[PDB]
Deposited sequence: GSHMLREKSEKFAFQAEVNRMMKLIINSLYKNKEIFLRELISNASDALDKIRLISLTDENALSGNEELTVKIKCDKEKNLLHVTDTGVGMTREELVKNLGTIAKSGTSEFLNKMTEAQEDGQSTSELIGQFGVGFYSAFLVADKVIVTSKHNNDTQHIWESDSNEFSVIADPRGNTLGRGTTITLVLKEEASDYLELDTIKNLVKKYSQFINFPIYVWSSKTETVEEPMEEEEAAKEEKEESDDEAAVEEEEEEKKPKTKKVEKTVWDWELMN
């Protein structure tokens, strides 16, 4: 246990992202997939230098899982991951100039790679479970007011990578429907060089398995 407050600029950034993409809320998923792509690409580049870089996990995928009963959305990647330092220690000019003119800013959020906070448009709480190659697995938890970085009591469960858990808003319950998620993945997966899976049910006999989207 250890609680922390966000830096002035980060608090100012969260409000801006929420304003800029208030109507186009579905952009959260594009961002989550963007971070997952950036992480996977980085560990793939590390694998070219370090022979034992992928030992933690041989797979290089994005696994999206819905939980209707507990009202949770999980986006798991087998990317580079994040250390304890990277979780504890984690644009404004070019944004504010474009805001005053009425110009489109959706592309800027993705350009500067600060799109993670778009998850707070749909979630009341965000949980980040991350595992990096030469550090222990940690849990970053935030409701936008405060953030806490704890050591995962389960230990090394991911191998390598990160899971983004979303305690979704009452209004955002629609983003739990498999069909809604499936269509949204296919819309923002075109540029991604890694396979993206969704835990689907065909269906009284029910069959559950990871369905490839890209």
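- Residues of the deposited sequence lacking C-alpha coordinates, counted from 1, fall in the stretches 1-8, 99-109, 223-262.
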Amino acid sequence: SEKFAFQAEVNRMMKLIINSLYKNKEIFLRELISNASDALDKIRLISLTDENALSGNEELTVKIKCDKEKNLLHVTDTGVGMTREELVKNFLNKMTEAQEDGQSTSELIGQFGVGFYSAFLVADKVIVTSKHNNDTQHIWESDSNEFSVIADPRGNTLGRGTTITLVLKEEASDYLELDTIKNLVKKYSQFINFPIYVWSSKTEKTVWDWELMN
From here on, numbers count along this sequence of modelled residues.
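- A summary of the deposited B-factors shows that, of 102-110 and 131-139, the stretch with the larger mean C-alpha value is 102-110.
- Once the C-alpha B-factors are averaged per stretch, 59-67 and 172-180 rank with 172-180 first.
- Taking only the listed residues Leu121, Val75, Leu87, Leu92, the entry reports the highest CA temperature factor at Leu92.
- Among all modelled residues in its chain, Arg154 ranks in the middle third by Cα B-factor.
- In this PDB entry, the Cα temperature factor of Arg30 sits in the middle third of its chain's modelled residues.
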